[PDB]
Amino acid sequence: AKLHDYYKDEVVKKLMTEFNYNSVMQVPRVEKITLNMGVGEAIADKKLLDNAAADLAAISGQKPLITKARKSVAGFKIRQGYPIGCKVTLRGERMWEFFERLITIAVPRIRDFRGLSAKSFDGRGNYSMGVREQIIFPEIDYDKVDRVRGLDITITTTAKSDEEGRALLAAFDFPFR
Amino acid sequence: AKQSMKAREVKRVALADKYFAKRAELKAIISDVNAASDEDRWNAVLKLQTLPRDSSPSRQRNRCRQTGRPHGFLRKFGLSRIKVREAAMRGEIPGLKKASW
Amino acid sequence: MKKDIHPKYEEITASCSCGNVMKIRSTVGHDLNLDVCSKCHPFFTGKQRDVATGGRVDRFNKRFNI
Amino acid sequence: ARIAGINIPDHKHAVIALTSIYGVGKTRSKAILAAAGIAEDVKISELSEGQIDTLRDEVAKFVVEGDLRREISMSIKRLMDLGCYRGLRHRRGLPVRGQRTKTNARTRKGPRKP
Amino acid sequence: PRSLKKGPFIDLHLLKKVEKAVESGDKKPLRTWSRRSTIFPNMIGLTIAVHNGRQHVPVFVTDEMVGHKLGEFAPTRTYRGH
RNA sequence: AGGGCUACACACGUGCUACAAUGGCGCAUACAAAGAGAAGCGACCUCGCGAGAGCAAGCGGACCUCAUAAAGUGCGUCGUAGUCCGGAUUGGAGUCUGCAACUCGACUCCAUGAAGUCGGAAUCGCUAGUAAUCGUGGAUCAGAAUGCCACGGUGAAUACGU
Ligand SMILES: [Zn+2]
């Protein structure tokens with residue numbers, strides 16, 4: 001992923017100045033991106049989770065990890081150990097490549113794209129967003145699709161403040177409406 | 001007697017006859033091949049819809065003179081079948097009489 | 001990582017009406033022909049029309065009325 | 001017969017067995033039969049292969065079974081996708097072209113099941 | 001359909017209000033009534049709240065959302081089933 | 001100002017079209033009646049398959065326009081097939097009117113052209129130019145009818161009887 005190179009070089013170069021970090025290891029890093037899809041309604045059908053799984057499998061070049069409901073719950077009539085999710089862990093170049101892919105294909109592909117948020121950072125420069133529809137990715141057919149299922153994302157970084165993740169993502173020219 | 005509907009009709013007819021001969025030629029600008037469809041007749045349409053749509057002769061229902069009825073109207077007499085039949089019986093329509101053949 | 005379970009991640013081409021062509025890996029497979037990118041995108045510009053981005057201007061000059 | 005990927009019938013007037021193309025009634029049938037210059041009431045089995053190839057490369061100037069089928073498909077697809085009313089009539093599989101709906105439209109809806 | 005010789009149809013207030021917007025903002029719609037006005041490719045990117053008889057239902061103008069009428073995208077009767 | 005009266009799981013009622021060779025198509029070809037016609041008819045002419053458009057005479061009319069009647073007749077064609085029956089539906093592209101044709105106009109061209117193989121129980125109309133069918137015009141009407149009214153055109157059966 002070029003973004004990875006760009007990070008390592010230009011973003012690295014920028015941030016050492018931007019935070020005045022004395023040790024590159026003290027410098028933040030994007031360590032992983034987790035795409036969780038809280039299917040939830042997989043209590044209804046397996047194939048929707050499978051479709052969601054096919055969806056999360058098609059979108060990113062990495063077979064998914066099908067999450068399960070931790071405990072059973074009446075609020076959602078989910079039984080414990082049940083597959084009410086599906087997610088993938090992108091890290092490394094796949095992470096970066098899907099990253100470039102994302103911010104340069106699907107972000108335009110947003111309906112009435114008004115800019116991406118700047119605050120859904122979980123407190124440690126780990127960002128978290130919500131995707132409402134998968135069709136923004138051209139890995140999708142949009143005609144042979146089954147749903148408009150989104151997912152949520154937790155881009156977990158080695159940045160440690162929300163602001164640092166913000167700055168880091170700004171280094172990637174994140175929209176940050 | 002619903003003088004609201006009848007005031008609407010009279011008001012509509014009055015303004016259509018006021019701004020008459022204007023939407024006429026404003027239409028003449030538009031069914032003619034000139035004006036490039038974008039220079040004169042196009043601006044002309046703008047002027048058309050500035051002109052009260054309530055000055056068009058199609059908004060009129062052509063209501064009966066005595067009663068202002070929307071339906072059953074007849075362009076020959078200007079009155080409903082009812083008012084006209086009563087007059088026909090009374091003889092105030094010269095020459096008219098029940099046909100039979 | 002594992003094998004034979006992970007989707008195929010070949011590098012395809014993102015050639016958009018933006019006119020930019022990018023080589024990303026994905027599960028697409030084919031050469032991808034696009035409409036808009038990180039460039040030639042509204043939010044990434046301030047221009048109305050950030051690129052032809054659809055030639056319906058053609059029909060709009062097929063009916064010319066301005 | 002195998003023209004345009006289909007198998008237009010044989011022992012049939014040329015104009016008529018030309019109407020078998022999804023996109024050619026009788027009008028376009030005649031149109032092609034003329035633009036290639038072949039008699040109408042010549043049956044299909046009455047046609048040589050030079051005229052057949054002539055037809056092959058003459059019908060080509062239209063949209064054809066799969067192409068046209070697909071084409072109309074994508075048209076309705078833009079209908080649906082654009083989010084319009086006709087899109088909704090189409091979504092429902094209802095009269096789209098402005099028919100009455102409380103009783104008729106047993107064509108789009110299908111017969112009186114309920 | 002509409003005669004070509006006649007052109008498109010759109011209210012002047014709509015055009016001018018539209019113009020002042022393409023002058024002076026991008027962020028908010030207009031609350032119109034003219035379900036019969038046409039959609040110009042210049043209105044693309046807007047999400048105008050068009051009337052529908054009682055409510056100003058909003059419609060985001062896109063490329064393909066060009067050749068139809070404002071009334072085409074503000075349905076008037078709410079059917080749900082029997 | 002908009003929308004609704006046009007909504008549509010549905011039932012019914014009228015009416016339209018068909019399911020075909022006594023017919024479909026193509027060709028040619030004649031016979032009406034009536035009425036309407038001036039913010040109309042509108043000849044011709046010209047453009048446009050066409051919707052129509054321009055041009056536009058005349059006509060307030062036993063005179064000018066609607067305006068060819070259709071059915072028919074003869075030629076061929078189709079050859080009994082969901083068919084060269086149908087022509088629903090749908091797509092596209094138009095023409096027309098109107099401030100305007102999304103709801104919610106009409107038409108034109110192209111293109112798929114659906115059911116549909118004559119129809120349950122039941123049930124309707126009619127005794128002669130009638131039924132039956134052909135077509136025609138008029139109203140309302142900016143535009144808008146399969147409905148209404150009217151005109152002619154072909155044109156039969158049976159009524160034993162109670
Ligand atoms: Zn682009």
# chains A, B, ... in the order shown; residues from 1 in each chain; ligands from 1
$ interface_residues --of "chain B" --to "chain E" --cutoff "12 Å" --atoms "only C-alpha atoms" --output "JSON, numbers by chain"
{"B": [27, 28, 29, 30, 31, 32, 33, 34, 35, 36, 37, 38, 41, 42, 43, 44, 45, 46, 47, 48, 49, 50, 51, 53]}
$ residues_near_ligand --ligand "ligand 1" --cutoff "7 Å" --atoms "only C-alpha atoms (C1' of nucleotides) and all ligand atoms" --output "list in words"
residues 16, 17, 18, 19, 20, 34, 35, 36, 37, 38, 39, 40 and 41 of chain C
$ write_last_selection --atoms "N, CA, C and O atoms" --output "short mmCIF file (atom, residue, chain, number, x, y, z; two decimals), in the first residue's frame"
data_model
loop_
_atom_site.label_atom_id
_atom_site.label_comp_id
_atom_site.auth_asym_id
_atom_site.auth_seq_id
_atom_site.Cartn_x
_atom_site.Cartn_y
_atom_site.Cartn_z
N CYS C 16 -11.05 6.36 -13.01
CA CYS C 16 -12.30 7.08 -12.87
C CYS C 16 -12.49 8.15 -13.92
O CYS C 16 -11.56 8.60 -14.59
N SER C 17 -13.75 8.57 -14.03
CA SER C 17 -14.04 9.74 -14.84
C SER C 17 -13.26 10.92 -14.32
O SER C 17 -13.01 11.87 -15.07
N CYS C 18 -12.85 10.86 -13.06
CA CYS C 18 -11.90 11.81 -12.52
C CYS C 18 -10.68 11.85 -13.41
O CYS C 18 -9.93 12.83 -13.41
N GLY C 19 -10.45 10.75 -14.13
CA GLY C 19 -9.32 10.52 -14.98
C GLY C 19 -8.11 9.95 -14.28
O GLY C 19 -7.13 9.60 -14.95
N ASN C 20 -8.16 9.82 -12.97
CA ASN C 20 -7.09 9.18 -12.21
C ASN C 20 -7.20 7.66 -12.27
O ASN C 20 -8.29 7.10 -12.19
N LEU C 34 -14.54 3.93 -13.05
CA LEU C 34 -15.21 4.71 -12.05
C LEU C 34 -15.77 6.02 -12.56
O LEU C 34 -15.72 6.35 -13.75
N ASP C 35 -16.30 6.77 -11.60
CA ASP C 35 -17.04 7.99 -11.81
C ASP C 35 -16.46 9.13 -10.98
O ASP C 35 -16.42 10.28 -11.42
N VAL C 36 -15.98 8.78 -9.79
CA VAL C 36 -15.46 9.77 -8.85
C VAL C 36 -14.52 9.10 -7.88
O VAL C 36 -14.63 7.91 -7.59
N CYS C 37 -13.57 9.88 -7.40
CA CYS C 37 -12.45 9.41 -6.62
C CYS C 37 -12.26 10.37 -5.46
O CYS C 37 -13.07 11.27 -5.24
N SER C 38 -11.18 10.16 -4.72
CA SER C 38 -10.85 11.10 -3.66
C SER C 38 -10.63 12.46 -4.27
O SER C 38 -10.91 13.49 -3.65
N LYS C 39 -10.14 12.46 -5.49
CA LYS C 39 -10.14 13.65 -6.31
C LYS C 39 -11.45 13.67 -7.06
O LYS C 39 -12.23 12.72 -7.04
N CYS C 40 -11.69 14.80 -7.69
CA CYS C 40 -12.88 15.03 -8.47
C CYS C 40 -14.06 14.62 -7.63
O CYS C 40 -15.00 13.99 -8.09
N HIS C 41 -14.02 15.03 -6.37
CA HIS C 41 -15.13 14.76 -5.51
C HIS C 41 -15.55 16.08 -4.89
O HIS C 41 -14.69 16.89 -4.51
#
$ select_by_dssp --residues "chain E" --states "helix (DSSP H, G or I)" --output "PyMOL selection string"
chain E and resi 12-24+41-43+70-73
$ interface_residues --of "chain F" --to "chain D" --cutoff "7 Å" --atoms "only C-alpha atoms (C1' of nucleotides)" --output "list in words"
residues 8, 9, 10, 84, 88, 89, 91, 111, 112 and 114 of chain F
$ write_last_selection --atoms "N, CA and C atoms (P, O5', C5', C4', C3', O3' and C1' of nucleotides)" --output "PDB file, in the first residue's frame"
ATOM      1  P     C F   8     -52.635   2.402  -6.110  1.00  0.00           P
ATOM      2  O5'   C F   8     -53.369   1.146  -5.473  1.00  0.00           O
ATOM      3  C5'   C F   8     -52.828   0.523  -4.316  1.00  0.00           C
ATOM      4  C4'   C F   8     -53.677  -0.627  -3.876  1.00  0.00           C
ATOM      5  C3'   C F   8     -53.971  -1.653  -4.959  1.00  0.00           C
ATOM      6  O3'   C F   8     -54.092  -2.920  -4.324  1.00  0.00           O
ATOM      7  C1'   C F   8     -55.971  -0.741  -4.195  1.00  0.00           C
ATOM      8  P     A F   9     -52.796  -3.807  -4.014  1.00  0.00           P
ATOM      9  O5'   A F   9     -53.256  -4.662  -2.752  1.00  0.00           O
ATOM     10  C5'   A F   9     -54.473  -5.367  -2.856  1.00  0.00           C
ATOM     11  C4'   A F   9     -54.508  -6.641  -2.059  1.00  0.00           C
ATOM     12  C3'   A F   9     -55.593  -7.579  -2.519  1.00  0.00           C
ATOM     13  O3'   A F   9     -55.244  -8.287  -3.680  1.00  0.00           O
ATOM     14  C1'   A F   9     -55.686  -7.434  -0.190  1.00  0.00           C
ATOM     15  P     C F  10     -55.932  -7.863  -5.052  1.00  0.00           P
ATOM     16  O5'   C F  10     -57.441  -7.790  -4.568  1.00  0.00           O
ATOM     17  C5'   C F  10     -58.191  -8.978  -4.513  1.00  0.00           C
ATOM     18  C4'   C F  10     -59.418  -8.864  -3.664  1.00  0.00           C
ATOM     19  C3'   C F  10     -60.697  -8.799  -4.452  1.00  0.00           C
ATOM     20  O3'   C F  10     -61.084 -10.087  -4.840  1.00  0.00           O
ATOM     21  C1'   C F  10     -60.767  -7.229  -2.715  1.00  0.00           C
ATOM     22  P     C F  84     -47.535 -17.058 -37.401  1.00  0.00           P
ATOM     23  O5'   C F  84     -48.414 -15.751 -37.237  1.00  0.00           O
ATOM     24  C5'   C F  84     -47.850 -14.581 -36.664  1.00  0.00           C
ATOM     25  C4'   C F  84     -48.493 -13.347 -37.209  1.00  0.00           C
ATOM     26  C3'   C F  84     -49.995 -13.446 -37.372  1.00  0.00           C
ATOM     27  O3'   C F  84     -50.562 -12.162 -37.207  1.00  0.00           O
ATOM     28  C1'   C F  84     -48.993 -13.053 -39.471  1.00  0.00           C
ATOM     29  P     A F  88     -52.896  -3.426 -26.322  1.00  0.00           P
ATOM     30  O5'   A F  88     -52.920  -4.387 -25.069  1.00  0.00           O
ATOM     31  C5'   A F  88     -54.116  -4.515 -24.330  1.00  0.00           C
ATOM     32  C4'   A F  88     -53.863  -5.273 -23.074  1.00  0.00           C
ATOM     33  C3'   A F  88     -52.780  -4.612 -22.266  1.00  0.00           C
ATOM     34  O3'   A F  88     -53.285  -3.552 -21.498  1.00  0.00           O
ATOM     35  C1'   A F  88     -52.327  -6.900 -22.436  1.00  0.00           C
ATOM     36  P     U F  89     -52.402  -2.235 -21.382  1.00  0.00           P
ATOM     37  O5'   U F  89     -51.068  -2.829 -20.786  1.00  0.00           O
ATOM     38  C5'   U F  89     -51.087  -3.388 -19.496  1.00  0.00           C
ATOM     39  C4'   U F  89     -49.793  -4.072 -19.208  1.00  0.00           C
ATOM     40  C3'   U F  89     -48.614  -3.155 -19.359  1.00  0.00           C
ATOM     41  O3'   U F  89     -48.429  -2.346 -18.225  1.00  0.00           O
ATOM     42  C1'   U F  89     -48.161  -5.198 -20.413  1.00  0.00           C
ATOM     43  P     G F  91     -42.637   1.249 -18.494  1.00  0.00           P
ATOM     44  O5'   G F  91     -41.482   1.188 -19.565  1.00  0.00           O
ATOM     45  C5'   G F  91     -40.289   0.540 -19.216  1.00  0.00           C
ATOM     46  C4'   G F  91     -39.301   0.565 -20.338  1.00  0.00           C
ATOM     47  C3'   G F  91     -39.166   1.917 -20.989  1.00  0.00           C
ATOM     48  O3'   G F  91     -38.345   2.781 -20.242  1.00  0.00           O
ATOM     49  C1'   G F  91     -39.311   0.256 -22.649  1.00  0.00           C
ATOM     50  P     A F 111     -41.487  -2.922 -34.591  1.00  0.00           P
ATOM     51  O5'   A F 111     -40.833  -3.512 -33.281  1.00  0.00           O
ATOM     52  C5'   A F 111     -39.452  -3.321 -33.054  1.00  0.00           C
ATOM     53  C4'   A F 111     -39.155  -3.480 -31.600  1.00  0.00           C
ATOM     54  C3'   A F 111     -40.052  -4.459 -30.888  1.00  0.00           C
ATOM     55  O3'   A F 111     -39.689  -5.802 -31.063  1.00  0.00           O
ATOM     56  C1'   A F 111     -39.867  -2.480 -29.613  1.00  0.00           C
ATOM     57  P     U F 112     -40.800  -6.906 -30.791  1.00  0.00           P
ATOM     58  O5'   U F 112     -40.179  -7.762 -29.623  1.00  0.00           O
ATOM     59  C5'   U F 112     -40.947  -8.791 -29.053  1.00  0.00           C
ATOM     60  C4'   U F 112     -40.933  -8.677 -27.565  1.00  0.00           C
ATOM     61  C3'   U F 112     -42.161  -9.234 -26.888  1.00  0.00           C
ATOM     62  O3'   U F 112     -42.054 -10.615 -26.635  1.00  0.00           O
ATOM     63  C1'   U F 112     -41.711  -7.060 -26.060  1.00  0.00           C
ATOM     64  P     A F 114     -47.178 -11.150 -25.241  1.00  0.00           P
ATOM     65  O5'   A F 114     -47.406 -10.886 -23.700  1.00  0.00           O
ATOM     66  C5'   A F 114     -47.018 -11.878 -22.781  1.00  0.00           C
ATOM     67  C4'   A F 114     -47.947 -11.947 -21.621  1.00  0.00           C
ATOM     68  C3'   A F 114     -49.008 -12.994 -21.835  1.00  0.00           C
ATOM     69  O3'   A F 114     -48.584 -14.276 -21.447  1.00  0.00           O
ATOM     70  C1'   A F 114     -50.044 -10.975 -21.255  1.00  0.00           C
TER      71        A F 114
END
$ residues_around --residues "residue F:73" --least-positions-apart "3" --cutoff "12 Å" --atoms "only C-alpha atoms (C1' of nucleotides)" --output "PyMOL selection string"
chain F and resi 28-31
$ select_by_dssp --residues "stretch 2-63 of chain C" --states "strand (DSSP E)" --output "NGL selection string"
:C and (11-15 or 21-25 or 32-33)
$ atom_distance --atom1 "atom CA of residue C:7" --atom2 "atom CA of residue A:63"
6.0 Å
$ interface_residues --of "chain C" --to "chain E" --cutoff "7 Å" --atoms "only C-alpha atoms" --output "PyMOL selection string"
chain C and resi 54+56+65
$ interface_residues --of "chain A" --to "chain C" --cutoff "12 Å" --atoms "only C-alpha atoms" --output "PyMOL selection string"
chain A and resi 1-3+53-65+88-116+136-141+172-177
$ decode --residues "stretch 75-96 of chain B" --atoms "C-alpha atoms" --output "tab-separated table (two decimals), in the first residue's frame"
chain	number	residue	atom	x	y	z
B	75	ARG	CA	-72.07	26.27	-25.00
B	76	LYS	CA	-75.13	27.14	-27.05
B	77	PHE	CA	-77.35	28.48	-24.27
B	78	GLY	CA	-75.08	29.23	-21.29
B	79	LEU	CA	-77.51	27.55	-18.85
B	80	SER	CA	-77.98	24.20	-17.25
B	81	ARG	CA	-80.44	21.66	-18.57
B	82	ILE	CA	-82.69	22.45	-15.66
B	83	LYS	CA	-83.00	26.21	-15.99
B	84	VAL	CA	-83.18	25.90	-19.74
B	85	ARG	CA	-85.91	23.25	-19.61
B	86	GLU	CA	-88.07	25.37	-17.43
B	87	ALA	CA	-87.70	28.29	-19.82
B	88	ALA	CA	-88.36	26.01	-22.78
B	89	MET	CA	-91.60	24.97	-21.20
B	90	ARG	CA	-92.51	28.57	-20.49
B	91	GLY	CA	-92.06	29.70	-24.08
B	92	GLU	CA	-89.28	32.25	-23.59
B	93	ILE	CA	-87.12	30.37	-26.13
B	94	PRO	CA	-88.47	31.39	-29.51
B	95	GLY	CA	-89.14	28.52	-31.82
B	96	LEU	CA	-88.07	25.76	-29.44
